[PDB]
Amino acid sequence: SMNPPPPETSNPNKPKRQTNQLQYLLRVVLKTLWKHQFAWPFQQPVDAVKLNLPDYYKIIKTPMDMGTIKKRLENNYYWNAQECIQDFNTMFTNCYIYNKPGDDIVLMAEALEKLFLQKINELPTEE
Ligand SMILES: Nc1nc(-c2cc(Br)cc3ccoc23)c2nc[nH]c2n1
Numbered sequence: 042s043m044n045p046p047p048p049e050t051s052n053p054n055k056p057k058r059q060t061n062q063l064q065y066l067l068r069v070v071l072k073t074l075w076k077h078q079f080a081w082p083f084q085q086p087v088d089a090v091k092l093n094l095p096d097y098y099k100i101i102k103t104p105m106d107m108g109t110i111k112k113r114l115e116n117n118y119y120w121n122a123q124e125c126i127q128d129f130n131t132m133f134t135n136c137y138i139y140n141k142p143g144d145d146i147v148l149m150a151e152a153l154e155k156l157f158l159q160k161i162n163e164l165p166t167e168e
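In this text, residue positions in the sequence shown follow PDB author numbering: the first is 42, and each later residue adds one.
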């Protein structure tokens with residue numbers, strides 16, 4: 042029933058890079074999903090106490106959300122595109138694992154995921 046600490050968004054000894062792919066992940070991918078009418082349940086970590094989801098963190102062991110991804114991108118937390126891409130996939134997958142097929146939250150994740158795929162399809166070549 043209690044909330045874990047959020048995922049890490051700062052770590053001084055973690056290696057990191059600023060790259061055209063990671064810039065595309067922020068400027069195009071994150072920006073496009075963030076603005077969407079279904080973005081709101083995905084803009085911060087799930088609060089299991091406020092939402093009354095006491096099982097959430099007994100089921101979801103690698104939590105992820107766009108608030109976390111946004112801070113990672115803004116704070117140049119990543120080494121490569123694939124790390125960031127994995128965070129999005131974890132976010133969508135957790136939603137489908139926890140929630141009941143057909144629930145509104147699943148339909149919202151599905152709309153964001155469709156856009157995500159369309160945008161990562163055009164991930165630019167590394168420079
Ligand atoms: N059942 C459920 N609710 C939510 C969810 C619902 C509501 Br109202 C507001 C917020 C803000 C973070 O989370 C929210 C989820 N966000 C991601 N997966 C979620 N699964």
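Even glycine gets a Cβ: it sits at the ideal position worked out from N, Cα and C.
Contact belief for residue i with residue j at Cβ below 8 Å, rounded distance in angstroms
i    : j    : result
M105 : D128 : 5 Å
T134 : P48  : Not really, about 15 Å apart at Cβ, beyond 8 Å.
Per-residue DSSP class, three states only, for residue i
i    : result
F79  : coil
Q84  : coil
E151 : helix
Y118 : coil
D144 : coil
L164 : coil
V69  : helix
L92  : coil
Selected residue, minimal CA-CA separation from residue i, among the options
i          : options                : result
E168       : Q59, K72, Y118         : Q59
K141       : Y97, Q78, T103         : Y97
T103       : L164, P165, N44, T166  : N44
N93        : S42, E115, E124, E154  : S42
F157       : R113, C125, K91        : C125
residue 19 : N117, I100, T166, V147 : Not covered by the structure: residue 19. The range shown for the chain is 42 to 168.
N130       : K155, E163, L63        : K155
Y137       : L164, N52, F83         : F83
Extent of the continuous alpha helix (DSSP H) to which residue i belongs
i    : result
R113 : 107 to 115
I100 : 97 to 100
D128 : 122 to 139
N44  : Element bounds for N44: n/a, residue is neither H nor E.
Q64  : 61 to 65
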